[PDB]
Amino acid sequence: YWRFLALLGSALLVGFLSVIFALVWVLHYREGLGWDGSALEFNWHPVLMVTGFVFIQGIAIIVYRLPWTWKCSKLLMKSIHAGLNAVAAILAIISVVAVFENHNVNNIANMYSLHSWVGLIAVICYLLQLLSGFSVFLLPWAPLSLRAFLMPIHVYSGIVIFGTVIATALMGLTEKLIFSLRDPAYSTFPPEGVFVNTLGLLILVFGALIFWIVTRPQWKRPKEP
């Protein structure tokens, strides 16, 4: 228990510092936020991706392992899981609408990067996991046999989508640092560069923590009757 608490506490801390770091970066180092800057719009992209796709999704993935929930309703904890993942799907979609509207308004090319390829698949895989998870594991009519062998795919896919989001995030930080830190150049170790590398590491440590919590068999929600 109290090593779980300490680990949950650590992941919340690093997860909140990531969101904090993403906000300071766009509000104090970049131009800020707005729904047409248009770089004030683009900046919603990293902010909302860190906040929903990395942080809120990180918490949805461990929601069933909070021991205060074990003798809670399984339908209820399915609802918090479903709902916390839906919030991150909304924010991530909004996040992608930000780049497309900044790009199209500014006549920039779309979908040429490995970041955007990996990312757009992450997003599509995410919605499919959300739609499939809703009709099979929340919704009532599905055959309990189809439950039995979709479940290993669903647990694996969620960890693998969550890992791929983190790898897309560090790619997006990389692109945006390189595009932006032209003078002083990124390679000159400017403060924005040290700061956002540290945001990169924080997003890293958060994933490692979420992956630790979620693979402790002693912390699985105890199977139902």
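Don't overthink the numbering: it's just position in the shown sequence, from 1.
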Open item on the list: Mean CA temperature factor from the deposited coordinates, higher in 14-22 or in 197-205?
Closed with: 14-22
Task: 111-119 versus 142-150 - which carries the larger mean C-alpha B factor in the record - done: 142-150
TODO: Specify which of 91, 98, 155, 131 carries the largest Cα B factor in the deposited PDB entry.
DONE: 131
- [ ] Please work out which residue in 35, 186, 29, 53 has the highest C-alpha B-factor recorded for this crystal structure.
- [x] 35
Task: Where the record places residue 46 (Cα B-factor, split into thirds across the chain) - done: lowest
TODO: Tell me, lowest, middle or highest third: where does the Cα B factor of residue 191 rank within its chain?
DONE: middle
Task: Chain third (lowest, middle, highest) by recorded CA B-factor, residue given as residue 69 - done: highest
